[PDB]
Amino acid sequence: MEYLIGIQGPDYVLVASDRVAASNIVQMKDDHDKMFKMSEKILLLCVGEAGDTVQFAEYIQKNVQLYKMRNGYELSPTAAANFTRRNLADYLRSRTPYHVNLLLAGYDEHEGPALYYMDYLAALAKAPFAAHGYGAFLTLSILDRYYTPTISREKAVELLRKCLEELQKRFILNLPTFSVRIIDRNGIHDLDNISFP
Amino acid sequence: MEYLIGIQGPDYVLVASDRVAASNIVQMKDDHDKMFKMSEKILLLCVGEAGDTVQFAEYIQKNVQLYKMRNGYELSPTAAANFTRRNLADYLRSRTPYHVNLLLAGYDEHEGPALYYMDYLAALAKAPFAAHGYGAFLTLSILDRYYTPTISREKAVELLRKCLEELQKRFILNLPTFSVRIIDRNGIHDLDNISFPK
Amino acid sequence: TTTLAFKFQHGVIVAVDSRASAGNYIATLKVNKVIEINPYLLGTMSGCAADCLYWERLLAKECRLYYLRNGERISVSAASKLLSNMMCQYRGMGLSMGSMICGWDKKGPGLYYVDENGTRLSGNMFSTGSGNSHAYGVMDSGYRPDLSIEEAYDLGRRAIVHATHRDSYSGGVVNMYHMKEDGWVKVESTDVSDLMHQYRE
Amino acid sequence: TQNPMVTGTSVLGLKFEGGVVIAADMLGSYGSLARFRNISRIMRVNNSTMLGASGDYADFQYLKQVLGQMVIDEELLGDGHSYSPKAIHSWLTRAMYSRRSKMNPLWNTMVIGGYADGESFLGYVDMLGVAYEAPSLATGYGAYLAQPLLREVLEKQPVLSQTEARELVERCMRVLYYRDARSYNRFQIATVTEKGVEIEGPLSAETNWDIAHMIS
Amino acid sequence: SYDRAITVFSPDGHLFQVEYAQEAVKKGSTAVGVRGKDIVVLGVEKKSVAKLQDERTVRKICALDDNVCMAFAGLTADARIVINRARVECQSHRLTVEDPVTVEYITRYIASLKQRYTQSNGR
Amino acid sequence: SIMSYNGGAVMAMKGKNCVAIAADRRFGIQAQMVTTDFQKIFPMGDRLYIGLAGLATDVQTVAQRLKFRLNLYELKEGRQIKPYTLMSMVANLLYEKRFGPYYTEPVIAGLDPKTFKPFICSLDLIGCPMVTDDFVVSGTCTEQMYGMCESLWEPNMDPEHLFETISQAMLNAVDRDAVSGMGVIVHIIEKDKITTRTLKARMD
Amino acid sequence: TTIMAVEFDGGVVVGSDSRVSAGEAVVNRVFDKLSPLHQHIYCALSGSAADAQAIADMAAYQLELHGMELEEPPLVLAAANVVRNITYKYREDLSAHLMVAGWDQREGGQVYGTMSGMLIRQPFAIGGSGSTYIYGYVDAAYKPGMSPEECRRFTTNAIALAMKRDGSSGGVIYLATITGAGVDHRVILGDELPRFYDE
Amino acid sequence: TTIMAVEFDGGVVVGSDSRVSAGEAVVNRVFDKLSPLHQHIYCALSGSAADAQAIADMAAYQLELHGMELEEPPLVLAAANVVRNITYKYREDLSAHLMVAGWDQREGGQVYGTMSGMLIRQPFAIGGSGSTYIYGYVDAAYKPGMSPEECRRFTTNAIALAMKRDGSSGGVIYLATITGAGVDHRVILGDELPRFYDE
Amino acid sequence: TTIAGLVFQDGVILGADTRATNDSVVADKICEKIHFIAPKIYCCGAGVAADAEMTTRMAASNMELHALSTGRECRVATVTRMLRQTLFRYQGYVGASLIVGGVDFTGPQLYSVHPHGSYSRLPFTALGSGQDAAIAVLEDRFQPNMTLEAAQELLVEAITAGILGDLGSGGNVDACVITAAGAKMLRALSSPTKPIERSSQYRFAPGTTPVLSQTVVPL
Amino acid sequence: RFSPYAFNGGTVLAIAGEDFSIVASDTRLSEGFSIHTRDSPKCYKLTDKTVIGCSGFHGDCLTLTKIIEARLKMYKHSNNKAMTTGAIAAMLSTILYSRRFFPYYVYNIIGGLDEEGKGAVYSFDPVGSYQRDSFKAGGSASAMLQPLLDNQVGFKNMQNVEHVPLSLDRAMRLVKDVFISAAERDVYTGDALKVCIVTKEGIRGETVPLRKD
């Protein structure tokens, strides 16, 4: 089971994802990129069924690019999440159900940072932090203790590493390498890829 | 799924096992000891269903200790494996089937080192090297390339690490720490516990 | 159901929620999940409530018959092994019981776990129940064997309170029991919600 | 359980002053077939109590042979005691309950009436073991049909004579024959009183078919 | 099967059976042991060798465990049953308890067999 | 079943000249809770609100199809909708799905725009409209929310007695529901004004 | 459910019971299962009561059209093939089974069983869940050249015999005598049912 | 499979067919389904042929013992309860259904159906897969006080009627007339089967 | 759910109870059942509540234009054919159990419609869960062409028996009289249950509620 | 096939007062949609100080009660004294476990006074788990009875209000009206009410009318 995590800072949104893509008893691709770029300040995190993860997320990727090119400006973080939910809800009763778990990370020039939680049933709820997979049980509890709206990204990245190191202790699956990026007024900023020699 | 591996050297038997014991989505005990001591030169490696692994192996543990105390001398490696197979075969048709995979490692003063493979159906076959679990597919193939009857334990331990590092690359489950011991004329000798300061 | 225990320099601390629910309806909020076996020996409960109440008293029966026999004050290791063997004969008949045994002996403040299928484990930090995975996160963060008496209460307090917040089957009042050489002692009983108001501020 | 065949029909009983009336149809049923049109579904127990049942009649004959010998064994003892109508109702409750734990339940629904020492008893048991006491009882669709008919009378007139009771039974026997496809015309009205159990022979009821002319 | 009471009371309450059993104990070979400080020493005297009988099968000094040994005097046939059954139960105790067997534990696991089999039916 | 996935509770009680509606804030998936800010009450316009419970997929989906019909109805009409008119609108939206029916139990509460008259109603999965003269509740704990409002409700209650009654009914009944909790939002619909309050509730 | 028809010299006698029971409970104890498709053409309803009443109207819709186009009463063979093709084609969604009988100026009284989707001519035909138990009487007691009075009794005795053995059959016996001069409708009350051996 | 028995003044007439077919193929077209349990006591086999032949021997084992202990022919009621209790107790593994009939010095000819596990007395009893279709003839054509010649024809006409309608019934009719002076065994060849309406 | 009707000499009366329940609990105590079709034609639903509701809605709507297009009185038999063809179109998927009765140019007529679509003419019947309690009462005491007062006393007792003899039937009794001269609606004609009171009252004082956030929006 | 269990409905309440213990249940016995009888008292008196309620499948309610009464005599004959309320509760826990593989289907509620004169309410489950609480409920309306007793009896969720220990005069009127409100919305509750009040002087029974619907 793939893992996702995100954190909403006062001016920022800190997200992280596992880079491992495995099949059967082996890990085929450990550097796999789960992060999809919806817009300049808007990212996306999609995990789920191996077939529905890549296919359904690429539909959202271009559908957001449809809006930005037609009107000359991208969707807002709130507008993006609500349009992705109806896309997932329309195929719920179809003959091809999509099993996916999405986190929408984006920054707005007015409302500021926004983080959105979405399940496979297309239920959208705004939360300061959210996570997917079975590893969400071992992590979010740490966020309950250490989270404050005034936290600085310098301590948040350190606390994010403390949560992800728990995946190497209790959580069974290896997941050696994690990808971490941040969103703020200056755009997408890559962070040091978590590596365990 | 737990993992086991063993190698039969000319005078020695090199075995290794994973120390992780997990339940549900979490690893509860990462230092867990899967190695059970049947006799002085005879060890045992038991993996399988979480309930049948500890219970059925402790039956073998004392049943071997029964023989050694009654006659004053322990079973031979060949005699031990054949008695453990009958024990597993008797409960096969009972109402409590045992799902276990065992490797018997032992040394004899005459025939020398012996390594024995056993499945959950109680089929005993002698082999120079054997492994259990899903990780056996990613490892034994390496042994096919590098194995020779004249190999020295110094290179065998290095090749054993090369096989177990494959469990951290392709094999999905973490399994951070492995336990390694060797059997020879001088008895049980512990080796450096494999540790990965990730 | 959230139950957790960990051992350190000053001994074991056992923390548990009070709430046990059936379906969507909460049966009782005030349920005391911690089982009292011996003055210095302390058990827990997980899974089915009746399976724990039945078998843990048989363990308390065996521990008392032992102390009445040899007077040796049975070790935590012998108590954990006898509890596991009793679950092995009925394996497959539908008995579901989790539990954790805590106590101090000549070796030290041992901490063991017994599963429904007979799994017996040993380690520094254990947790069980539906919220066990929510407990592992807070407990592991900021934990060392050198933690003091007062610092460990803050770890055990925040462990249940933040774990029961994310679980629908975990709640009630926090019951935390420290373990000593003479015996375990009740530390505090406090509502989770009352502590939630102090953490938000 | 498996397959019993030998299906029965509904049974009615009620309380009145100084006695109990219990009536049932004489027809045995196999599947959708009406096969045996002459059967005694009402069995007498000593003087003061009486029994009738439904469901599988083959299991009912087995309950005849069990309960019958047990009752006769008391008459053979001659100790001066007779099974009370509550005792028969109690023994059938456990006897039918004992068949569920062995996974061999008998299909049947029994009604125990009786009058002893001025105490009018009417009681109900079941294969499922549900047991209670009510002034008016019925089985099958009678609980849907004949039961509310007697409840309305017992609320207005808790005291009923022997003639008024039999008149209400025939009116209930008349309605049960109409709306129960598996019922039958010939029935037996059996009444227990201070003189003991007295079972009347085959009887019928005058039917009003005028609905045929009112519909058309 | 054979079911009867063997050992029965007498007018004085003494048991002729048990008393005759202790007479066979007195006629056994001399064996001795002494508790030292950190050590214990067992010994027994066997004089019967004209160089014929092998010395491997004669040994009356037996070990119940690594930390527990024993020596016996009496019928050599009954000792082989008790020693074997004691070792089966002694190691079955290490199955129940990870800690080794205290000498007092196993001594109750042994004398109790002489209690049962004396008063048991047909034994 | 499916209605027990997201749980939820909605309560609406009728006072004398005013009506009050309340629902909790909790949103969770089975044993996994998600967020505390979830909203079960959406504005239907002046002095008219609607509660929703059950599977949150249909809660947010039907709310958009109700606002689909609401705005089109308000733009075509020159007058505001009556709470009795909205009840029958939800009945048509749920019945057209009779083969595929949505999973939800809408609860409509408000005041008759005529002068002061309060009006309440609730529907079912099958889309059966029902009008009661006391109160309407819906959810997985609805069996618990009955006993509170059964005894506490009075024929006529002022906003002082109405808010105190519906608030105590929420705090007591929701605490016994495992899938419900985490705050209660109470809306007071009066003739002169509209009052919104957030009660202090246990986090559990 | 019992339906019966017997051909004779001057016409046919088509009987039916009045009992309609869905499951083990009687919906209506008085009902006419004979639905006229024409003056002399009738249809005996059996099988599923819901599907039989739907076919009876769909058959009457086609027969009235075929009757008005010819301006003459349709043949009994014409009315039978209408029910059959509706039965055979729609047997997927229709479990009903009907018995077509009537009188025409060509061959006179005719009785055509449409049950199960086939068509055959018979001197006497019986259908329904209760017709299986009456095979003994209708086979042995049938004699050629019976008077109209004997045919009314022969039809009544067999239907009254089904009403005893069939649990789904009961009520009053409906008789329709279809001849060249018209059709006579008679109802036999419960007291007039012929009494048979009562043990 | 059709078995029939009819009581009269001097005894009973118990008939059966010779056809035994497992599935749709005939195993033997000539077989006697009447297995004597005693001189005047016979048993008509029906249902499962394998289970019926097993009970017939287990019943004969008990009846011969009860007959030799009394040194007199057992009552027909005695032989019926033997089959019933073997049926009712073992009905789990035994699907067979039997019909017990015979003659005794007490009440004379008696016929007891043991089918399904119950017991009842009847003047005439019929069983098997083909007895369901003959209810019409045996009910209406039965008259009290029939001569032995009429009882042989009444039993033959109903069995021959079952053989026509029942697909599992056929062969030759076996008749056994059990009276106080003895038992007469007759076989009716296919040419002597009474002819009924052929159309 | 107990619904019933009886045809007497001068007209027909359709009785029903006021109580509706959802599977564990009473939904509404006063909930009305009998719907409107024509001035002289009324029906009442059973079985599935919404299915019986929407079906009578389509029936009253179709019969409304039939009265407007013809300009004459409506036939009761016309209503029944509309109801079953909808049941036939869905193949019994609609669980609506409907009873239809009234007075037309021919006279008082009562019909019955089973959810499977079967229709039966009859002077009296009952439908719903408590139907067997009302049918038994109406079967015994019925007489051909009873006086209006005699039919009123009997049918009210029939619904009363159908209530007391059913768990899903309760509340008051709504009887609707339909005669050749006209139709009249009687709301809550019978109330067999007296205990409408309670032994205590619950009142709350202002300030006893733990309010956290408060805001006021004027209108 | 054969269904070993069926839901017979009903409701049972128990509340522990300071010096008293009150236990009440309805008389309605109904299976499916039909009423068997309107008087079927579920409340059974074990000893003077102990009254046990039974709500669930009726066949198990009758047998299990007779088993308890049989073990009541085993105790008293052996121990020369009556069982305490806490002793009866812990006893049935092992009784319900003996069936653990094929459990009895019932909801048991035991109440009464302990040796200290304080009310002890004991709620069970089919598998035998138990606890002590001030007030418990059970049956089909169990979800309905609990919230009302939390506010009224428990004084919960009320800020700045005088907390008076439970009084017998109010405890009676609270038990009556919660059932009056229960009989409204509960199809399985009504037709009569039986209230058994266990005090230090003795048990006092009462009968209250309810709606017949």
# chains A, B, ... in the order shown; residues from 1 in each chain; ligands from 1

call {"tool": "residues_around", "arguments": {"residues": "residue 187 in chain H", "least_positions_apart": "6", "cutoff": "12 Å", "atoms": "only C-alpha atoms", "output": "VMD selection string"}}
result
chain H and resid 15 to 18 30 to 32 152 156 171 to 177 193

call {"tool": "write_last_selection", "arguments": {"atoms": "N, CA, C and O atoms", "output": "PDB file, in the first residue's frame"}}
result
ATOM      1  N   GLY H  15     -52.454 -54.362  -5.084  1.00  0.00           N
ATOM      2  CA  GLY H  15     -51.828 -54.419  -6.389  1.00  0.00           C
ATOM      3  C   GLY H  15     -50.530 -53.647  -6.504  1.00  0.00           C
ATOM      4  O   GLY H  15     -50.223 -52.796  -5.664  1.00  0.00           O
ATOM      5  N   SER H  16     -49.759 -53.939  -7.550  1.00  0.00           N
ATOM      6  CA  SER H  16     -48.531 -53.216  -7.857  1.00  0.00           C
ATOM      7  C   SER H  16     -48.176 -53.471  -9.313  1.00  0.00           C
ATOM      8  O   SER H  16     -48.670 -54.419  -9.930  1.00  0.00           O
ATOM      9  N   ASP H  17     -47.317 -52.616  -9.861  1.00  0.00           N
ATOM     10  CA  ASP H  17     -46.799 -52.832 -11.203  1.00  0.00           C
ATOM     11  C   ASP H  17     -45.448 -53.539 -11.146  1.00  0.00           C
ATOM     12  O   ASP H  17     -44.865 -53.737 -10.079  1.00  0.00           O
ATOM     13  N   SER H  18     -44.953 -53.921 -12.324  1.00  0.00           N
ATOM     14  CA  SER H  18     -43.675 -54.611 -12.441  1.00  0.00           C
ATOM     15  C   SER H  18     -42.528 -53.711 -12.884  1.00  0.00           C
ATOM     16  O   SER H  18     -41.391 -54.186 -12.968  1.00  0.00           O
ATOM     17  N   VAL H  30     -39.841 -56.197 -15.384  1.00  0.00           N
ATOM     18  CA  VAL H  30     -40.639 -57.184 -14.663  1.00  0.00           C
ATOM     19  C   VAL H  30     -39.999 -57.350 -13.291  1.00  0.00           C
ATOM     20  O   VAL H  30     -38.906 -57.911 -13.172  1.00  0.00           O
ATOM     21  N   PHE H  31     -40.681 -56.878 -12.251  1.00  0.00           N
ATOM     22  CA  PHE H  31     -40.197 -57.025 -10.885  1.00  0.00           C
ATOM     23  C   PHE H  31     -41.388 -57.039  -9.940  1.00  0.00           C
ATOM     24  O   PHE H  31     -42.356 -56.303 -10.152  1.00  0.00           O
ATOM     25  N   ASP H  32     -41.306 -57.851  -8.891  1.00  0.00           N
ATOM     26  CA  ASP H  32     -42.372 -57.928  -7.902  1.00  0.00           C
ATOM     27  C   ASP H  32     -42.044 -56.996  -6.742  1.00  0.00           C
ATOM     28  O   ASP H  32     -41.093 -57.244  -5.990  1.00  0.00           O
ATOM     29  N   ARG H 152     -61.413 -56.626  -7.369  1.00  0.00           N
ATOM     30  CA  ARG H 152     -60.305 -56.941  -8.265  1.00  0.00           C
ATOM     31  C   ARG H 152     -60.315 -56.030  -9.485  1.00  0.00           C
ATOM     32  O   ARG H 152     -59.258 -55.606  -9.965  1.00  0.00           O
ATOM     33  N   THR H 156     -57.717 -53.041 -10.345  1.00  0.00           N
ATOM     34  CA  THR H 156     -57.021 -53.146 -11.624  1.00  0.00           C
ATOM     35  C   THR H 156     -57.241 -51.904 -12.479  1.00  0.00           C
ATOM     36  O   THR H 156     -56.305 -51.410 -13.120  1.00  0.00           O
ATOM     37  N   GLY H 171     -45.321 -52.177 -17.218  1.00  0.00           N
ATOM     38  CA  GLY H 171     -45.138 -53.607 -17.045  1.00  0.00           C
ATOM     39  C   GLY H 171     -46.458 -54.334 -16.910  1.00  0.00           C
ATOM     40  O   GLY H 171     -47.427 -54.016 -17.604  1.00  0.00           O
ATOM     41  N   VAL H 172     -46.497 -55.339 -16.039  1.00  0.00           N
ATOM     42  CA  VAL H 172     -47.700 -56.123 -15.796  1.00  0.00           C
ATOM     43  C   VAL H 172     -48.207 -55.847 -14.386  1.00  0.00           C
ATOM     44  O   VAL H 172     -47.442 -55.538 -13.467  1.00  0.00           O
ATOM     45  N   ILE H 173     -49.522 -55.972 -14.220  1.00  0.00           N
ATOM     46  CA  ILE H 173     -50.183 -55.726 -12.944  1.00  0.00           C
ATOM     47  C   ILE H 173     -50.078 -56.982 -12.091  1.00  0.00           C
ATOM     48  O   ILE H 173     -50.477 -58.070 -12.521  1.00  0.00           O
ATOM     49  N   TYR H 174     -49.538 -56.835 -10.884  1.00  0.00           N
ATOM     50  CA  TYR H 174     -49.505 -57.918  -9.912  1.00  0.00           C
ATOM     51  C   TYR H 174     -50.610 -57.723  -8.886  1.00  0.00           C
ATOM     52  O   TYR H 174     -50.693 -56.674  -8.242  1.00  0.00           O
ATOM     53  N   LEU H 175     -51.458 -58.737  -8.740  1.00  0.00           N
ATOM     54  CA  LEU H 175     -52.550 -58.703  -7.780  1.00  0.00           C
ATOM     55  C   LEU H 175     -52.353 -59.790  -6.737  1.00  0.00           C
ATOM     56  O   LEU H 175     -51.994 -60.925  -7.066  1.00  0.00           O
ATOM     57  N   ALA H 176     -52.589 -59.432  -5.479  1.00  0.00           N
ATOM     58  CA  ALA H 176     -52.542 -60.376  -4.370  1.00  0.00           C
ATOM     59  C   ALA H 176     -53.808 -60.208  -3.548  1.00  0.00           C
ATOM     60  O   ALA H 176     -54.034 -59.143  -2.964  1.00  0.00           O
ATOM     61  N   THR H 177     -54.628 -61.254  -3.502  1.00  0.00           N
ATOM     62  CA  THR H 177     -55.876 -61.248  -2.746  1.00  0.00           C
ATOM     63  C   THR H 177     -55.628 -62.001  -1.446  1.00  0.00           C
ATOM     64  O   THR H 177     -55.450 -63.223  -1.455  1.00  0.00           O
ATOM     65  N   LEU H 193     -54.820 -55.798 -19.679  1.00  0.00           N
ATOM     66  CA  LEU H 193     -55.032 -54.503 -19.050  1.00  0.00           C
ATOM     67  C   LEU H 193     -56.335 -53.894 -19.559  1.00  0.00           C
ATOM     68  O   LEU H 193     -56.553 -53.833 -20.776  1.00  0.00           O
TER      69      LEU H 193
END

call {"tool": "select_by_dssp", "arguments": {"residues": "chain E", "states": "strand (DSSP E)", "output": "ChimeraX atom specification"}}
result
/E:31-35,40-44,61-63,69-71

call {"tool": "write_last_selection", "arguments": {"atoms": "N, CA and C atoms", "output": "PDB file, in the first residue's frame"}}
result
ATOM      1  N   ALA E  31      25.167 -45.721  48.214  1.00  0.00           N
ATOM      2  CA  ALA E  31      25.384 -44.486  47.476  1.00  0.00           C
ATOM      3  C   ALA E  31      25.304 -43.319  48.448  1.00  0.00           C
ATOM      4  N   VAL E  32      26.079 -42.270  48.177  1.00  0.00           N
ATOM      5  CA  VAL E  32      26.205 -41.144  49.092  1.00  0.00           C
ATOM      6  C   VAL E  32      26.369 -39.862  48.285  1.00  0.00           C
ATOM      7  N   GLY E  33      25.967 -38.752  48.893  1.00  0.00           N
ATOM      8  CA  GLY E  33      26.224 -37.440  48.325  1.00  0.00           C
ATOM      9  C   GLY E  33      26.289 -36.408  49.426  1.00  0.00           C
ATOM     10  N   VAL E  34      27.021 -35.328  49.163  1.00  0.00           N
ATOM     11  CA  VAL E  34      27.276 -34.286  50.153  1.00  0.00           C
ATOM     12  C   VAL E  34      27.246 -32.933  49.457  1.00  0.00           C
ATOM     13  N   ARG E  35      26.601 -31.958  50.094  1.00  0.00           N
ATOM     14  CA  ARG E  35      26.548 -30.593  49.582  1.00  0.00           C
ATOM     15  C   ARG E  35      27.806 -29.848  50.012  1.00  0.00           C
ATOM     16  N   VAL E  40      28.954 -30.021  44.473  1.00  0.00           N
ATOM     17  CA  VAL E  40      28.323 -31.192  45.070  1.00  0.00           C
ATOM     18  C   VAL E  40      29.011 -32.430  44.513  1.00  0.00           C
ATOM     19  N   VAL E  41      29.153 -33.452  45.353  1.00  0.00           N
ATOM     20  CA  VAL E  41      29.867 -34.670  44.991  1.00  0.00           C
ATOM     21  C   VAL E  41      28.965 -35.868  45.245  1.00  0.00           C
ATOM     22  N   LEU E  42      28.779 -36.689  44.217  1.00  0.00           N
ATOM     23  CA  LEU E  42      28.050 -37.941  44.329  1.00  0.00           C
ATOM     24  C   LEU E  42      29.013 -39.107  44.146  1.00  0.00           C
ATOM     25  N   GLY E  43      28.714 -40.214  44.817  1.00  0.00           N
ATOM     26  CA  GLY E  43      29.529 -41.405  44.684  1.00  0.00           C
ATOM     27  C   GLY E  43      28.734 -42.654  44.993  1.00  0.00           C
ATOM     28  N   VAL E  44      29.186 -43.762  44.412  1.00  0.00           N
ATOM     29  CA  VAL E  44      28.563 -45.062  44.630  1.00  0.00           C
ATOM     30  C   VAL E  44      29.637 -46.124  44.445  1.00  0.00           C
ATOM     31  N   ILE E  61      24.874 -43.074  38.479  1.00  0.00           N
ATOM     32  CA  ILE E  61      24.862 -41.624  38.626  1.00  0.00           C
ATOM     33  C   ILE E  61      24.269 -41.045  37.351  1.00  0.00           C
ATOM     34  N   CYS E  62      23.081 -40.462  37.468  1.00  0.00           N
ATOM     35  CA  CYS E  62      22.343 -39.940  36.330  1.00  0.00           C
ATOM     36  C   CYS E  62      22.079 -38.452  36.521  1.00  0.00           C
ATOM     37  N   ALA E  63      21.939 -37.753  35.398  1.00  0.00           N
ATOM     38  CA  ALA E  63      21.706 -36.317  35.389  1.00  0.00           C
ATOM     39  C   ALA E  63      20.303 -36.036  34.878  1.00  0.00           C
ATOM     40  N   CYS E  69      21.610 -33.376  38.864  1.00  0.00           N
ATOM     41  CA  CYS E  69      21.975 -34.775  38.692  1.00  0.00           C
ATOM     42  C   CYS E  69      21.353 -35.590  39.821  1.00  0.00           C
ATOM     43  N   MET E  70      21.557 -36.906  39.778  1.00  0.00           N
ATOM     44  CA  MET E  70      20.952 -37.773  40.781  1.00  0.00           C
ATOM     45  C   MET E  70      21.707 -39.092  40.859  1.00  0.00           C
ATOM     46  N   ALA E  71      21.487 -39.796  41.968  1.00  0.00           N
ATOM     47  CA  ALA E  71      21.994 -41.143  42.180  1.00  0.00           C
ATOM     48  C   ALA E  71      20.931 -41.940  42.924  1.00  0.00           C
TER      49      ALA E  71
END

call {"tool": "residues_around", "arguments": {"residues": "residue 8 in chain C", "least_positions_apart": "6", "cutoff": "9 Å", "atoms": "only C-alpha atoms", "output": "list in words"}}
result
residues 109, 124, 144, 145, 146, 147, 148 and 152 of chain C

call {"tool": "write_last_selection", "arguments": {"atoms": "N, CA, C and O atoms", "output": "JSON list (two decimals), in the first residue's frame"}}
result
[["chain", "number", "residue", "atom", "x", "y", "z"],
["C", 109, "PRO", "N", 11.64, -5.01, 34.83],
["C", 109, "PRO", "CA", 10.23, -4.77, 34.50],
["C", 109, "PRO", "C", 9.86, -5.31, 33.12],
["C", 109, "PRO", "O", 9.80, -4.58, 32.13],
["C", 124, "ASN", "N", 10.58, -3.62, 24.34],
["C", 124, "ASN", "CA", 10.54, -2.44, 25.19],
["C", 124, "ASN", "C", 9.16, -1.79, 25.18],
["C", 124, "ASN", "O", 8.70, -1.30, 26.22],
["C", 144, "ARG", "N", 12.96, 7.42, 25.22],
["C", 144, "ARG", "CA", 14.25, 6.82, 25.51],
["C", 144, "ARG", "C", 14.14, 6.07, 26.82],
["C", 144, "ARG", "O", 13.30, 6.42, 27.66],
["C", 145, "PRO", "N", 14.95, 5.03, 27.02],
["C", 145, "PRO", "CA", 14.91, 4.31, 28.30],
["C", 145, "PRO", "C", 15.27, 5.17, 29.50],
["C", 145, "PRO", "O", 14.99, 4.78, 30.64],
["C", 146, "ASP", "N", 15.90, 6.32, 29.28],
["C", 146, "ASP", "CA", 16.37, 7.18, 30.36],
["C", 146, "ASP", "C", 15.34, 8.22, 30.79],
["C", 146, "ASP", "O", 15.65, 9.07, 31.63],
["C", 147, "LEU", "N", 14.12, 8.18, 30.24],
["C", 147, "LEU", "CA", 13.09, 9.12, 30.64],
["C", 147, "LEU", "C", 12.79, 8.99, 32.13],
["C", 147, "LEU", "O", 12.80, 7.90, 32.70],
["C", 148, "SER", "N", 12.51, 10.13, 32.76],
["C", 148, "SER", "CA", 12.27, 10.18, 34.19],
["C", 148, "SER", "C", 10.83, 9.78, 34.51],
["C", 148, "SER", "O", 10.07, 9.33, 33.65],
["C", 152, "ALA", "N", 7.75, 10.74, 31.72],
["C", 152, "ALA", "CA", 7.09, 9.59, 31.11],
["C", 152, "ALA", "C", 5.58, 9.67, 31.26],
["C", 152, "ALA", "O", 4.84, 9.12, 30.43]]

call {"tool": "residues_around", "arguments": {"residues": "range 142-148 of chain B", "least_positions_apart": "4", "cutoff": "12 Å", "atoms": "only C-alpha atoms", "output": "ChimeraX atom specification"}}
result
/B:5-10,128-131,135-138,152-153,155-166

call {"tool": "residues_around", "arguments": {"residues": "range 209-212 of chain J", "least_positions_apart": "5", "cutoff": "12 Å", "atoms": "only C-alpha atoms", "output": "ChimeraX atom specification"}}
result
/I:160-161,163-167,169-171,191-199 /J:26-28,35,37-39,176-195

call {"tool": "residues_around", "arguments": {"residues": "range 41-57 of chain B", "least_positions_apart": "2", "cutoff": "9 Å", "atoms": "only C-alpha atoms", "output": "ChimeraX atom specification"}}
result
/B:1-5,15-17,21,34-39,59-62,75-77,80,88,97-108,120,132-133,183-188 /C:85,88,91,115-120

call {"tool": "interface_residues", "arguments": {"of": "chain J", "to": "chain C", "cutoff": "9 Å", "atoms": "only C-alpha atoms", "output": "PyMOL selection string"}}
result
chain J and resi 93-94+97+100-101+125+127-133+136+143
